[PDB]
$ cat input_37.cif   # mmCIF, C-alpha atoms and all ligand atoms
data_query
loop_
_atom_site.group_PDB
_atom_site.id
_atom_site.type_symbol
_atom_site.label_atom_id
_atom_site.label_comp_id
_atom_site.auth_asym_id
_atom_site.auth_seq_id
_atom_site.Cartn_x
_atom_site.Cartn_y
_atom_site.Cartn_z
ATOM 1 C CA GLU D 1 0.000 0.000 0.000
ATOM 2 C CA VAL D 2 1.566 3.269 -1.276
ATOM 3 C CA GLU D 3 0.414 6.692 -0.089
ATOM 4 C CA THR D 4 1.115 9.729 -2.287
ATOM 5 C CA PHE D 5 1.369 13.250 -0.803
ATOM 6 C CA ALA D 6 1.839 16.742 -2.198
ATOM 7 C CA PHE D 7 4.740 18.793 -0.912
ATOM 8 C CA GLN D 8 3.868 22.161 0.491
ATOM 9 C CA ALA D 9 4.073 24.722 -2.301
ATOM 10 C CA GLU D 10 7.074 26.379 -0.647
ATOM 11 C CA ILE D 11 9.058 23.103 -0.512
ATOM 12 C CA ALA D 12 8.193 22.259 -4.112
ATOM 13 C CA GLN D 13 9.467 25.732 -5.000
ATOM 14 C CA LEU D 14 12.730 25.051 -3.137
ATOM 15 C CA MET D 15 13.184 21.751 -4.916
ATOM 16 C CA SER D 16 12.664 23.333 -8.345
ATOM 17 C CA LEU D 17 15.183 26.038 -7.492
ATOM 18 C CA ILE D 18 17.761 23.418 -6.529
ATOM 19 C CA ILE D 19 17.098 21.421 -9.710
ATOM 20 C CA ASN D 20 16.943 24.373 -12.080
ATOM 21 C CA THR D 21 19.563 26.882 -10.855
ATOM 22 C CA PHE D 22 22.972 26.796 -12.532
ATOM 23 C CA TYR D 23 25.418 26.096 -9.710
ATOM 24 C CA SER D 24 28.588 24.034 -10.210
ATOM 25 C CA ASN D 25 29.565 23.411 -6.546
ATOM 26 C CA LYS D 26 27.307 20.371 -6.204
ATOM 27 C CA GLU D 27 29.596 18.383 -3.892
ATOM 28 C CA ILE D 28 28.215 20.151 -0.814
ATOM 29 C CA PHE D 29 25.255 17.781 -0.884
ATOM 30 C CA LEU D 30 27.339 15.207 0.951
ATOM 31 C CA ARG D 31 28.285 17.572 3.806
ATOM 32 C CA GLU D 32 24.629 18.356 4.300
ATOM 33 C CA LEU D 33 23.504 14.742 4.482
ATOM 34 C CA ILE D 34 26.365 13.792 6.789
ATOM 35 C CA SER D 35 25.509 16.793 8.971
ATOM 36 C CA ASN D 36 21.936 15.539 9.198
ATOM 37 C CA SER D 37 23.180 12.054 10.113
ATOM 38 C CA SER D 38 25.442 13.513 12.817
ATOM 39 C CA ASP D 39 22.489 15.440 14.238
ATOM 40 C CA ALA D 40 20.359 12.274 14.279
ATOM 41 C CA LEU D 41 23.166 10.386 16.007
ATOM 42 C CA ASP D 42 23.567 13.179 18.580
ATOM 43 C CA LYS D 43 19.859 12.890 19.328
ATOM 44 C CA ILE D 44 19.736 9.159 20.035
ATOM 45 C CA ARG D 45 22.958 9.420 22.019
ATOM 46 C CA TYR D 46 21.479 12.139 24.251
ATOM 47 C CA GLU D 47 18.243 10.222 24.718
ATOM 48 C CA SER D 48 20.145 7.054 25.633
ATOM 49 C CA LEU D 49 21.773 8.864 28.579
ATOM 50 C CA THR D 50 18.530 8.770 30.557
ATOM 51 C CA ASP D 51 17.025 5.649 28.949
ATOM 52 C CA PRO D 52 19.694 3.094 27.950
ATOM 53 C CA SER D 53 17.003 0.820 26.506
ATOM 54 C CA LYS D 54 16.744 3.202 23.524
ATOM 55 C CA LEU D 55 19.900 1.488 22.256
ATOM 56 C CA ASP D 56 18.336 -1.991 22.389
ATOM 57 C CA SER D 57 17.853 -1.465 18.626
ATOM 58 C CA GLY D 58 21.594 -1.041 18.180
ATOM 59 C CA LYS D 59 24.475 0.256 20.297
ATOM 60 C CA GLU D 60 26.774 1.383 17.476
ATOM 61 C CA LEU D 61 26.586 5.040 16.410
ATOM 62 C CA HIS D 62 28.084 5.453 12.960
ATOM 63 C CA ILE D 63 27.719 6.642 9.371
ATOM 64 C CA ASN D 64 28.377 4.475 6.287
ATOM 65 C CA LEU D 65 28.778 5.757 2.741
ATOM 66 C CA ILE D 66 27.989 3.055 0.201
ATOM 67 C CA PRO D 67 28.432 3.553 -3.548
ATOM 68 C CA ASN D 68 26.939 1.112 -6.010
ATOM 69 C CA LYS D 69 27.828 1.545 -9.684
ATOM 70 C CA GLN D 70 25.456 -1.169 -10.945
ATOM 71 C CA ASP D 71 22.447 0.636 -9.380
ATOM 72 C CA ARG D 72 24.059 4.083 -9.805
ATOM 73 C CA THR D 73 23.259 4.900 -6.178
ATOM 74 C CA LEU D 74 25.121 6.507 -3.309
ATOM 75 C CA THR D 75 23.664 5.585 0.075
ATOM 76 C CA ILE D 76 24.277 7.538 3.294
ATOM 77 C CA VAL D 77 23.388 5.242 6.223
ATOM 78 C CA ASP D 78 23.300 6.264 9.866
ATOM 79 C CA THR D 79 22.203 4.546 13.048
ATOM 80 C CA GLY D 80 20.744 7.751 14.494
ATOM 81 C CA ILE D 81 17.322 8.386 15.987
ATOM 82 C CA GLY D 82 15.400 7.564 12.801
ATOM 83 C CA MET D 83 12.142 9.120 11.699
ATOM 84 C CA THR D 84 8.521 8.322 12.517
ATOM 85 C CA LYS D 85 5.779 8.270 9.895
ATOM 86 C CA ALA D 86 4.675 11.710 11.147
ATOM 87 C CA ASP D 87 8.226 12.998 10.746
ATOM 88 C CA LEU D 88 8.223 11.861 7.108
ATOM 89 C CA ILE D 89 4.831 13.279 6.224
ATOM 90 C CA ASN D 90 4.460 16.373 8.453
ATOM 91 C CA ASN D 91 6.996 17.335 11.095
ATOM 92 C CA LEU D 92 10.152 17.867 9.068
ATOM 93 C CA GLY D 93 8.291 19.722 6.345
ATOM 94 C CA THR D 94 6.612 21.995 8.872
ATOM 95 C CA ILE D 95 10.010 22.923 10.266
ATOM 96 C CA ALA D 96 11.410 23.254 6.748
ATOM 97 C CA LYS D 97 8.850 25.901 5.721
ATOM 98 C CA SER D 98 10.450 28.683 7.762
ATOM 99 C CA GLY D 99 13.988 27.637 6.835
ATOM 100 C CA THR D 100 12.996 27.662 3.171
ATOM 101 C CA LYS D 101 11.562 31.197 3.322
ATOM 102 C CA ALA D 102 14.714 32.449 5.056
ATOM 103 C CA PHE D 103 16.935 30.621 2.544
ATOM 104 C CA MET D 104 15.014 32.092 -0.386
ATOM 105 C CA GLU D 105 15.353 35.596 1.014
ATOM 106 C CA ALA D 106 19.075 35.099 1.638
ATOM 107 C CA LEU D 107 19.622 33.927 -1.942
ATOM 108 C CA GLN D 108 17.929 37.058 -3.260
ATOM 109 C CA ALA D 109 20.251 39.142 -1.059
ATOM 110 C CA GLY D 110 23.412 37.462 -2.392
ATOM 111 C CA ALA D 111 23.793 34.108 -0.623
ATOM 112 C CA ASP D 112 24.551 30.977 -2.631
ATOM 113 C CA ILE D 113 23.221 27.451 -2.619
ATOM 114 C CA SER D 114 26.158 26.157 -0.578
ATOM 115 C CA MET D 115 24.736 28.029 2.443
ATOM 116 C CA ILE D 116 21.518 25.928 2.422
ATOM 117 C CA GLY D 117 22.500 24.088 5.595
ATOM 118 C CA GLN D 118 22.580 27.331 7.621
ATOM 119 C CA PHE D 119 18.795 27.400 7.105
ATOM 120 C CA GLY D 120 18.065 23.841 8.178
ATOM 121 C CA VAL D 121 16.932 22.534 4.776
ATOM 122 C CA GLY D 122 20.207 20.921 3.657
ATOM 123 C CA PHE D 123 18.448 17.619 2.894
ATOM 124 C CA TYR D 124 17.032 19.050 -0.331
ATOM 125 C CA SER D 125 20.550 19.622 -1.686
ATOM 126 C CA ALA D 126 20.371 15.911 -2.489
ATOM 127 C CA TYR D 127 18.556 17.027 -5.660
ATOM 128 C CA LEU D 128 21.708 18.719 -6.871
ATOM 129 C CA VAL D 129 22.982 15.233 -7.773
ATOM 130 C CA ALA D 130 20.039 12.791 -7.584
ATOM 131 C CA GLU D 131 17.070 12.446 -9.903
ATOM 132 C CA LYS D 132 15.321 10.375 -7.211
ATOM 133 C CA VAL D 133 15.855 10.053 -3.473
ATOM 134 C CA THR D 134 14.648 7.084 -1.428
ATOM 135 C CA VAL D 135 14.710 7.326 2.379
ATOM 136 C CA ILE D 136 14.453 4.138 4.462
ATOM 137 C CA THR D 137 14.041 4.852 8.147
ATOM 138 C CA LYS D 138 13.260 3.180 11.453
ATOM 139 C CA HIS D 139 12.493 5.012 14.716
ATOM 140 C CA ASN D 140 12.255 3.084 18.001
ATOM 141 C CA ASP D 141 8.610 4.166 18.348
ATOM 142 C CA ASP D 142 7.389 3.328 14.819
ATOM 143 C CA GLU D 143 7.642 0.826 11.951
ATOM 144 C CA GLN D 144 10.212 0.833 9.157
ATOM 145 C CA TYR D 145 9.122 3.145 6.317
ATOM 146 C CA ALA D 146 10.244 4.031 2.812
ATOM 147 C CA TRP D 147 9.870 7.614 1.562
ATOM 148 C CA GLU D 148 10.580 8.444 -2.073
ATOM 149 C CA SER D 149 10.432 11.470 -4.335
ATOM 150 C CA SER D 150 11.591 12.418 -7.822
ATOM 151 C CA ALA D 151 10.407 15.969 -7.042
ATOM 152 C CA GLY D 152 7.712 17.234 -9.371
ATOM 153 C CA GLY D 153 5.594 18.164 -6.382
ATOM 154 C CA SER D 154 4.873 14.781 -4.772
ATOM 155 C CA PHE D 155 6.401 12.120 -2.570
ATOM 156 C CA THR D 156 5.287 8.662 -1.463
ATOM 157 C CA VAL D 157 5.401 6.813 1.843
ATOM 158 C CA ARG D 158 4.951 3.071 2.317
ATOM 159 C CA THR D 159 5.744 0.523 4.967
ATOM 160 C CA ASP D 160 9.066 -1.054 4.073
ATOM 161 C CA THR D 161 9.338 -4.838 3.737
ATOM 162 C CA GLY D 162 13.046 -4.914 2.899
ATOM 163 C CA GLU D 163 15.900 -5.866 5.208
ATOM 164 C CA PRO D 164 15.108 -4.602 8.755
ATOM 165 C CA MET D 165 17.547 -1.820 9.773
ATOM 166 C CA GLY D 166 17.219 -1.878 13.548
ATOM 167 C CA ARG D 167 17.214 1.906 13.961
ATOM 168 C CA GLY D 168 18.357 4.826 11.852
ATOM 169 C CA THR D 169 18.088 6.268 8.351
ATOM 170 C CA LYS D 170 19.339 5.334 4.863
ATOM 171 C CA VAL D 171 19.294 8.058 2.222
ATOM 172 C CA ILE D 172 19.621 6.456 -1.210
ATOM 173 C CA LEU D 173 20.651 8.898 -3.953
ATOM 174 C CA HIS D 174 19.682 7.690 -7.416
ATOM 175 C CA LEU D 175 22.311 9.735 -9.167
ATOM 176 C CA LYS D 176 21.748 11.740 -12.323
ATOM 177 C CA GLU D 177 23.558 10.349 -15.382
ATOM 178 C CA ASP D 178 26.183 13.111 -15.409
ATOM 179 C CA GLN D 179 26.862 12.938 -11.657
ATOM 180 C CA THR D 180 28.516 9.516 -11.380
ATOM 181 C CA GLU D 181 31.781 11.021 -10.080
ATOM 182 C CA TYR D 182 30.156 10.708 -6.662
ATOM 183 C CA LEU D 183 30.451 6.906 -6.977
ATOM 184 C CA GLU D 184 34.241 7.062 -7.112
ATOM 185 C CA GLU D 185 36.183 6.309 -3.954
ATOM 186 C CA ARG D 186 38.811 9.016 -4.458
ATOM 187 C CA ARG D 187 36.105 11.650 -5.063
ATOM 188 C CA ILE D 188 34.059 10.761 -1.991
ATOM 189 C CA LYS D 189 37.254 10.634 0.141
ATOM 190 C CA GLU D 190 38.200 14.096 -1.098
ATOM 191 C CA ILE D 191 34.787 15.554 -0.250
ATOM 192 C CA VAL D 192 34.591 14.017 3.220
ATOM 193 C CA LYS D 193 38.085 15.306 4.050
ATOM 194 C CA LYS D 194 37.244 18.813 2.824
ATOM 195 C CA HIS D 195 33.817 19.329 4.378
ATOM 196 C CA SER D 196 33.256 16.668 7.045
ATOM 197 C CA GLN D 197 36.616 15.981 8.637
ATOM 198 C CA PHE D 198 35.585 16.550 12.286
ATOM 199 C CA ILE D 199 32.263 14.699 12.486
ATOM 200 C CA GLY D 200 32.132 12.999 15.891
ATOM 201 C CA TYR D 201 31.117 9.553 14.593
ATOM 202 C CA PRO D 202 33.060 7.055 12.451
ATOM 203 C CA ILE D 203 32.374 7.493 8.735
ATOM 204 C CA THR D 204 33.161 4.327 6.781
ATOM 205 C CA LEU D 205 33.462 4.697 3.026
ATOM 206 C CA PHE D 206 32.591 1.295 1.566
ATOM 207 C CA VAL D 207 34.464 0.066 -1.520
ATOM 208 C CA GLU D 208 32.820 -1.329 -4.565
ATOM 209 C CA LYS D 209 33.508 -4.778 -5.865
HETATM 210 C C1 LIG N 301 19.265 11.668 9.186
HETATM 211 O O1 LIG N 301 18.143 11.295 10.022
HETATM 212 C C2 LIG N 301 17.475 12.268 10.689
HETATM 213 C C3 LIG N 301 16.497 11.851 11.647
HETATM 214 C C4 LIG N 301 15.786 12.840 12.306
HETATM 215 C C5 LIG N 301 16.072 14.172 12.013
HETATM 216 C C6 LIG N 301 17.016 14.465 11.085
HETATM 217 N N1 LIG N 301 17.721 13.543 10.419
HETATM 218 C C7 LIG N 301 17.171 15.950 10.933
HETATM 219 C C8 LIG N 301 16.936 16.388 9.482
HETATM 220 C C9 LIG N 301 18.582 16.326 11.406
HETATM 221 N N2 LIG N 301 16.145 16.441 11.854
HETATM 222 C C10 LIG N 301 15.497 15.438 12.522
HETATM 223 O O2 LIG N 301 14.600 15.605 13.357
HETATM 224 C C1 LIG N 302 16.287 11.734 5.767
HETATM 225 O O1 LIG N 302 16.575 13.040 6.295
HETATM 226 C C2 LIG N 302 15.656 14.012 6.081
HETATM 227 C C3 LIG N 302 16.014 15.337 6.462
HETATM 228 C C4 LIG N 302 15.087 16.330 6.216
HETATM 229 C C5 LIG N 302 13.874 15.981 5.644
HETATM 230 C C6 LIG N 302 13.612 14.697 5.310
HETATM 231 N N1 LIG N 302 14.483 13.705 5.512
HETATM 232 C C7 LIG N 302 12.230 14.576 4.720
HETATM 233 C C8 LIG N 302 11.341 13.723 5.640
HETATM 234 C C9 LIG N 302 12.245 13.988 3.304
HETATM 235 N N2 LIG N 302 11.798 15.970 4.721
HETATM 236 C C10 LIG N 302 12.721 16.820 5.262
HETATM 237 O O2 LIG N 302 12.605 18.042 5.382
#
$ encode --input "input_37.cif" --output "C-alpha cells"
Amino acid sequence: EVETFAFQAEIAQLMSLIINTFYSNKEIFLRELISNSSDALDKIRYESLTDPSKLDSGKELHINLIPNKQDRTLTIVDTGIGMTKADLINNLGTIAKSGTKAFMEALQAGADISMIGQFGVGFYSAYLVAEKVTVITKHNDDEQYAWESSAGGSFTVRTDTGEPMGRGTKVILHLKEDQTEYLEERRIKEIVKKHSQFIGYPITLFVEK
C-alpha cells in the first residue's frame, strides 16, 4: 500500500530552485547529508543517557557511505534516531517551511546554494545530484518506512518490507547520469576530508567490488 502526498508549495518551490539553478559546486550535498546524520546520532545518544534501553535497537553510532555503480546509487546510512511516519509526512516539512523562506530571502540578497544548511533545509541539496531520493528509516517508536520522491511536487510513503535496519536512516541517492563522479572512492574521500573531517562519529566509506 503506497500513499502519495503533495509537498507544500514552498518546498516544491525550493526543490525546483535546486534542480533548475545553474550552480557548479554540487559536492556540498554530501556535507549536508552527513551533517543531518550527525544530528540524528547526537539525538539518540542524548536520549540514551537517561534511557539506555533506547539502544536496544543497536548500540553502534556510525555513518556508512555506500556507492553502487550497478544501481548508480550513493547511500548515506546512519544509526541515528530515525524518523517516525509523522516525521516523514508532516513534522520535518513543517520545520522546513520557515527555513525555506529564510533561505530564499538570503539567496535574493546574495547568498549561494552552498549556504543551504545554515537554514536547516540541507536535505534538499540531495537534488543537486540525484534524480530520485529514497529514504528508508526506522524510529524506536514506529515501523520501518520508505519515503521516495523524484520531485515534481509529490512524494510517497509506504511501509518497508526490505531488510530490517534496527534503527536509523538510509538516504539512497539515485544519481543523475552526469553525476557519477560521486560513486568514485577518491572523489568521496576528497569531499569528506574537505567538508566533514571533524564529524564525531566514524564514517566508513565502503568500496565497490
Ligand atoms: C538523518 O536522520 C534524521 C532523523 C531525524 C532528524 C534528522 N535527520 C534531521 C533532518 C537532522 N532532523 C530530525 O529531526
Ligand atoms: C532523511 O533526512 C531528512 C532530512 C530532512 C527531511 C527529510 N528527511 C524529509 C522527511 C524527506 N523531509 C525533510 O525536510
$ resolve_selection --input "input_37.cif" --expression "the PyMOL selection byres (((not hetatm)) within 7 of (chain N and resi 302))" --output "ChimeraX atom specification"
/D:36,87-89,92-93,96,121,123,135,169,171
$ write_last_selection --input "input_37.cif" --atoms "C-alpha atoms" --output "PDB file, in the coordinates of the input"
ATOM      1  CA  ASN D  36      21.936  15.539   9.198  1.00  0.00           C
ATOM      2  CA  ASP D  87       8.226  12.998  10.746  1.00  0.00           C
ATOM      3  CA  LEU D  88       8.223  11.861   7.108  1.00  0.00           C
ATOM      4  CA  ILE D  89       4.831  13.279   6.224  1.00  0.00           C
ATOM      5  CA  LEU D  92      10.152  17.867   9.068  1.00  0.00           C
ATOM      6  CA  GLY D  93       8.291  19.722   6.345  1.00  0.00           C
ATOM      7  CA  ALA D  96      11.410  23.254   6.748  1.00  0.00           C
ATOM      8  CA  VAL D 121      16.932  22.534   4.776  1.00  0.00           C
ATOM      9  CA  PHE D 123      18.448  17.619   2.894  1.00  0.00           C
ATOM     10  CA  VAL D 135      14.710   7.326   2.379  1.00  0.00           C
ATOM     11  CA  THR D 169      18.088   6.268   8.351  1.00  0.00           C
ATOM     12  CA  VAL D 171      19.294   8.058   2.222  1.00  0.00           C
TER      13      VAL D 171
END
$ closest_residue --input "input_37.cif" --among "D:203, D:77, D:49, D:116" --to "ligand LIG 301 (chain N)" --atoms "all atoms listed in the file"
D:77
$ residues_near_ligand --input "input_37.cif" --ligand "ligand LIG 301 (chain N)" --cutoff "10 Å" --atoms "all atoms listed in the file" --output "ChimeraX atom specification"
/D:32-44,63,76-84,87-88,91-93,95-96,120-123,135-139,168-171
$ residues_near_point --input "input_37.cif" --point "(-0.5, 1.2, 0.1)" --cutoff "10 Å" --atoms "all atoms listed in the file" --output "PDB file with C-alpha atoms, in the frame of the given file"
ATOM      1  CA  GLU D   1       0.000   0.000   0.000  1.00  0.00           C
ATOM      2  CA  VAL D   2       1.566   3.269  -1.276  1.00  0.00           C
ATOM      3  CA  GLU D   3       0.414   6.692  -0.089  1.00  0.00           C
ATOM      4  CA  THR D   4       1.115   9.729  -2.287  1.00  0.00           C
ATOM      5  CA  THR D 156       5.287   8.662  -1.463  1.00  0.00           C
ATOM      6  CA  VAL D 157       5.401   6.813   1.843  1.00  0.00           C
ATOM      7  CA  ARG D 158       4.951   3.071   2.317  1.00  0.00           C
ATOM      8  CA  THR D 159       5.744   0.523   4.967  1.00  0.00           C
TER       9      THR D 159
END
$ resolve_selection --input "input_37.cif" --expression "the PyMOL selection byres (((chain D and resi 176) around 8) and not hetatm)" --output "mmCIF file with C-alpha atoms, in the coordinates of the input"
data_model
loop_
_atom_site.group_PDB
_atom_site.id
_atom_site.type_symbol
_atom_site.label_atom_id
_atom_site.label_comp_id
_atom_site.auth_asym_id
_atom_site.auth_seq_id
_atom_site.Cartn_x
_atom_site.Cartn_y
_atom_site.Cartn_z
ATOM 1 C CA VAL D 129 22.982 15.233 -7.773
ATOM 2 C CA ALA D 130 20.039 12.791 -7.584
ATOM 3 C CA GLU D 131 17.070 12.446 -9.903
ATOM 4 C CA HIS D 174 19.682 7.690 -7.416
ATOM 5 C CA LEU D 175 22.311 9.735 -9.167
ATOM 6 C CA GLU D 177 23.558 10.349 -15.382
ATOM 7 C CA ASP D 178 26.183 13.111 -15.409
ATOM 8 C CA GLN D 179 26.862 12.938 -11.657
ATOM 9 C CA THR D 180 28.516 9.516 -11.380
#
$ residues_near_point --input "input_37.cif" --point "(10.6, 8.4, -0.5)" --cutoff "7 Å" --atoms "only C-alpha atoms" --output "PDB file with C-alpha atoms, in the frame of the given file"
ATOM      1  CA  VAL D 133      15.855  10.053  -3.473  1.00  0.00           C
ATOM      2  CA  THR D 134      14.648   7.084  -1.428  1.00  0.00           C
ATOM      3  CA  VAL D 135      14.710   7.326   2.379  1.00  0.00           C
ATOM      4  CA  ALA D 146      10.244   4.031   2.812  1.00  0.00           C
ATOM      5  CA  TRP D 147       9.870   7.614   1.562  1.00  0.00           C
ATOM      6  CA  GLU D 148      10.580   8.444  -2.073  1.00  0.00           C
ATOM      7  CA  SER D 149      10.432  11.470  -4.335  1.00  0.00           C
ATOM      8  CA  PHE D 155       6.401  12.120  -2.570  1.00  0.00           C
ATOM      9  CA  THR D 156       5.287   8.662  -1.463  1.00  0.00           C
ATOM     10  CA  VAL D 157       5.401   6.813   1.843  1.00  0.00           C
TER      11      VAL D 157
END
$ resolve_selection --input "input_37.cif" --expression "the PyMOL selection byres (((chain D and resi 181) around 12) and not hetatm)" --output "short mmCIF file (atom, residue, chain, number, x, y, z; two decimals) with C-alpha atoms, keeping the file's coordinate frame"
data_model
loop_
_atom_site.label_atom_id
_atom_site.label_comp_id
_atom_site.auth_asym_id
_atom_site.auth_seq_id
_atom_site.Cartn_x
_atom_site.Cartn_y
_atom_site.Cartn_z
CA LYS D 26 27.31 20.37 -6.20
CA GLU D 27 29.60 18.38 -3.89
CA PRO D 67 28.43 3.55 -3.55
CA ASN D 68 26.94 1.11 -6.01
CA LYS D 69 27.83 1.54 -9.68
CA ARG D 72 24.06 4.08 -9.80
CA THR D 73 23.26 4.90 -6.18
CA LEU D 74 25.12 6.51 -3.31
CA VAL D 129 22.98 15.23 -7.77
CA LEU D 175 22.31 9.74 -9.17
CA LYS D 176 21.75 11.74 -12.32
CA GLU D 177 23.56 10.35 -15.38
CA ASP D 178 26.18 13.11 -15.41
CA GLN D 179 26.86 12.94 -11.66
CA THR D 180 28.52 9.52 -11.38
CA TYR D 182 30.16 10.71 -6.66
CA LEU D 183 30.45 6.91 -6.98
CA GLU D 184 34.24 7.06 -7.11
CA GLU D 185 36.18 6.31 -3.95
CA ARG D 186 38.81 9.02 -4.46
CA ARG D 187 36.10 11.65 -5.06
CA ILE D 188 34.06 10.76 -1.99
CA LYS D 189 37.25 10.63 0.14
CA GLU D 190 38.20 14.10 -1.10
CA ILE D 191 34.79 15.55 -0.25
#
$ closest_residue --input "input_37.cif" --among "D:66, D:115, D:151, D:165" --to "residue 25 (chain D)" --atoms "all atoms listed in the file"
D:115
$ atom_distance --input "input_37.cif" --atom1 "CA of residue 20 (chain D)" --atom2 "CA of residue 98 (chain D)"
21.3 Å
$ closest_residue --input "input_37.cif" --among "D:12, D:104, D:55, D:30" --to "residue 125 (chain D)" --atoms "all atoms listed in the file"
D:30
$ atom_distance --input "input_37.cif" --atom1 "CA of residue 86 (chain D)" --atom2 "CA of residue 6 (chain D)"
14.5 Å
$ closest_residue --input "input_37.cif" --among "D:173, D:8, D:99, D:201" --to "residue 60 (chain D)" --atoms "all atoms listed in the file"
D:201
$ residues_around --input "input_37.cif" --residues "residue 10 (chain D)" --least-positions-apart "2" --cutoff "9 Å" --atoms "only C-alpha atoms" --output "short mmCIF file (atom, residue, chain, number, x, y, z; two decimals) with C-alpha atoms, in the coordinates of the input"
data_model
loop_
_atom_site.label_atom_id
_atom_site.label_comp_id
_atom_site.auth_asym_id
_atom_site.auth_seq_id
_atom_site.Cartn_x
_atom_site.Cartn_y
_atom_site.Cartn_z
CA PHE D 7 4.74 18.79 -0.91
CA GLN D 8 3.87 22.16 0.49
CA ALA D 12 8.19 22.26 -4.11
CA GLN D 13 9.47 25.73 -5.00
CA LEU D 14 12.73 25.05 -3.14
CA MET D 15 13.18 21.75 -4.92
CA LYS D 97 8.85 25.90 5.72
CA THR D 100 13.00 27.66 3.17
CA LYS D 101 11.56 31.20 3.32
#
$ atom_distance --input "input_37.cif" --atom1 "CA of residue 166 (chain D)" --atom2 "CA of residue 144 (chain D)"
8.7 Å
$ axis_aligned_box --input "input_37.cif" --around "region 88-107 of chain D" --padding-each-side "6 Å" --output "JSON"
{"center_x": 12.0, "center_y": 23.7, "center_z": 4.6, "size_x": 27.2, "size_y": 35.7, "size_z": 25.0}
$ decode --input "input_37.cif" --residues "region 112-130 of chain D" --atoms "C-alpha atoms" --output "compact mmCIF listing (two decimals), in the first residue's frame"
# COMPACT_ATOMS: atom_id res chain seq x y z
CA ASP D 112 24.55 30.98 -2.63
CA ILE D 113 23.22 27.45 -2.62
CA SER D 114 26.16 26.16 -0.58
CA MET D 115 24.74 28.03 2.44
CA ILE D 116 21.52 25.93 2.42
CA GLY D 117 22.50 24.09 5.59
CA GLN D 118 22.58 27.33 7.62
CA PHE D 119 18.79 27.40 7.10
CA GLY D 120 18.07 23.84 8.18
CA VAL D 121 16.93 22.53 4.78
CA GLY D 122 20.21 20.92 3.66
CA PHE D 123 18.45 17.62 2.89
CA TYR D 124 17.03 19.05 -0.33
CA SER D 125 20.55 19.62 -1.69
CA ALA D 126 20.37 15.91 -2.49
CA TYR D 127 18.56 17.03 -5.66
CA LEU D 128 21.71 18.72 -6.87
CA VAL D 129 22.98 15.23 -7.77
CA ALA D 130 20.04 12.79 -7.58
